[PDB]
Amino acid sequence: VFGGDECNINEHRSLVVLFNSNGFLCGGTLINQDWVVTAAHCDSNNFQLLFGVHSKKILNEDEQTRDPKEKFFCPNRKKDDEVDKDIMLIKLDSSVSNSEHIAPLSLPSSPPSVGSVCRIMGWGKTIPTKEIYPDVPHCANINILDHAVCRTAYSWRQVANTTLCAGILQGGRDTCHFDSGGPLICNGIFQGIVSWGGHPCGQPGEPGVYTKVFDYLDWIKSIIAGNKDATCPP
């Protein structure tokens, strides 16, 4: 996260870490005691999920680890476009219970209004060009922008409507590489999933695009209730 500060140790109790033998992959969001939401582009053959993490060097006495038992993607997702319908549900091999540094995030009831202030968080790049990563996750506030700003900022490709356009108009704060899958939270509600953006991040006039969780509510609940044939919003 570019333009932020170290997150408070208690302000990110729902942030999950996806990693494998090759290291850190992405972030994720725990929505209930058995499921994790993250980005579809973060998928890997094998990986594990780590809960309750703050510092990577100085561990928390309450971290939990689980393996993905099931993974779900939109049935109607475009094969070639890696960020098309960037959402993946992970059914844990074993339930995770609340603790001092672990807790789920509630799904939204309604979508965020243009201009609302939201929180982004992750262990991704903090310097736009350098491959320097934090030890603790960084937090920064950004605003919900008019979707047209993004549509026009990235005219060479199509910015789906099932996405939120967020950031700071003059740049300086934005999610970056390895921040993917993490939550965009507005007023304590789970509103978006970090998906993609500019090169590098934080440039003025190039906001980030987040999967709009709300548009996928029916999908999420259907998959979680047991219906696996649930198709996503086009």
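Just count from 1 along the sequence shown to find any residue number.
Undergrad: So, looking at the entry's B-factor column for Cα atoms, which has the higher mean, 23-31 or 193-201?
TA: Averaged over C-alpha atoms, the B-factors run higher in 193-201.
Undergrad: Can you let me know which of the two, 222-230 or 11-19, has the higher average C-alpha B-factor in the entry?
TA: In the deposited entry, the stretch with the higher C-alpha B-factor mean is 222-230.
Undergrad: Report the third (lowest, middle or highest) to which the CA temperature factor of residue 65 belongs, ranking only the modelled residues of the same chain.
TA: Lowest third of the chain for residue 65's C-alpha B-factor.
Undergrad: Could you place residue 48 in the lowest, middle or highest third of its chain by Cα temperature factor, using the values in the record?
TA: As the PDB entry reports it, the C-alpha B-factor of residue 48 lands in the lowest third of its chain.
Undergrad: Going by the entry, which third of its chain does the Cα temperature factor of residue 116 land in?
TA: For residue 116, the deposited C-alpha B-factor lands in the middle third.
Undergrad: Looking at the C-alpha B-factor of residue 122, is it in the lowest, middle or highest third of its chain?
TA: Its C-alpha B-factor belongs to the lowest third of this chain's values.
Undergrad: How does residue 143 rank on Cα B-factor within its chain, lowest, middle or highest third?
TA: According to the entry, residue 143 has a C-alpha B-factor in the chain's lowest third.
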